[PDB]
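To begin, one chain is listed below as structure tokens, in the form deposited in one PDB entry.
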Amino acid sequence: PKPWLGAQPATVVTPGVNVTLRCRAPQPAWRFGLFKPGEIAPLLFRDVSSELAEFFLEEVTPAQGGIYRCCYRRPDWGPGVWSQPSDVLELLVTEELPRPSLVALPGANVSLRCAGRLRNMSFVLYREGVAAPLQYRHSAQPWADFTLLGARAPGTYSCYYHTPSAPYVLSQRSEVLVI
């Protein structure tokens, strides 16, 4: 019975905020383990006698980032014997997201793709000349396509991406794109 792992408030956060990792098993367990990759020893472990265990990371630092896994254990189990591991949880702690690239896709109407390297982000298109953004879209993919209408296409554009909700982590703006 594989447990599942969750991160609150987010999977991508700035250094200094508090992250609560939450592991849950189908039936109550005695000991929950928080593992980094390949290490037999859990970094953190909680004795709870519950189906749920919360791991509180106060003021996260870029060291607390990485791939996490949850496993549980019962008292009557062998030594170094743990349950099925949960699906991975990649926690990213950074001041800033890596800069996106803004390109035009060939096909009249014009389509742009703001591309970063991080999944689950909100992408935002800015028009050089206008303050408020032109278009914005939330995507699971590390890119988003914007469609520009025919004769409103020519101009100077740039994009940035950010986390969907607070605490926000922002990327820098892409190099401007000339149409």
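Basically, rigid core = biggest C-alpha set you can superpose within 1.5 Å across the two forms. When you see a residue number, it is the position in the sequence shown, counting from 1.
Colleague: Counting only residues from the deposited sequence, how many are left out of the model between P79 and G80 (none, 1 to 3, 4 to 9, 10 or more)?
Modeller: The entry has no gap there; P79 and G80 are joined directly.
Colleague: Is the mean CA B factor in the deposited entry higher across 131-139 or across 148-156?
Modeller: Looking at the recorded C-alpha B-factors, 148-156 comes out higher on average.
Colleague: Averaging the C-alpha B factors as listed in the entry, name the stretch that ends up higher: 116-124 or 28-36.
Modeller: It is 28-36 that shows the higher mean C-alpha B-factor.
Colleague: When the deposited Cα B-factors of this chain's modelled residues are ordered and cut into thirds, is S101 in the lowest, the middle or the highest one?
Modeller: Lowest third - that is where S101 ends up once the chain's C-alpha B-factors are sorted.
Colleague: With respect to C-alpha B-factor, does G66 fall in the lowest, middle or highest third of the chain as deposited?
Modeller: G66: CA B-factor falls in the middle third of its chain.
Colleague: Taking the entry's C-alpha B-factors for this chain, is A166 in the lowest, middle or highest third?
Modeller: It belongs to the middle third of the chain when residues are ordered by C-alpha B-factor.
Colleague: Consider only the C-alpha atoms of the modelled residues in this chain, order them by B-factor as the entry records it, and name the third containing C23: lowest, middle or highest.
Modeller: Its C-alpha B-factor, which the entry lists for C23, ranks in the highest third among residues of this chain.
Colleague: Relative to the other modelled residues of the same chain, rank the CA B-factor of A108 and answer lowest, middle or highest third.
Modeller: Highest third of the chain for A108's C-alpha B-factor.
The next section is about a form of this same protein that is not shown, the form deposited in another entry.
Colleague: Return yes or no for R46: a CA shift of at least 2 Å between this form and the one not shown, with the rigid core superposed?
Modeller: No; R46 is a residue whose C-alpha shifts by less than 2 Å between this form and the one not shown when the cores are overlaid.
Colleague: Would you say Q172 moves between this form and the one not shown, meaning its CA shifts by 2 Å or more once the core is fitted?
Modeller: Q172: C-alpha displaced by 2 Å or more between this form and the one not shown.
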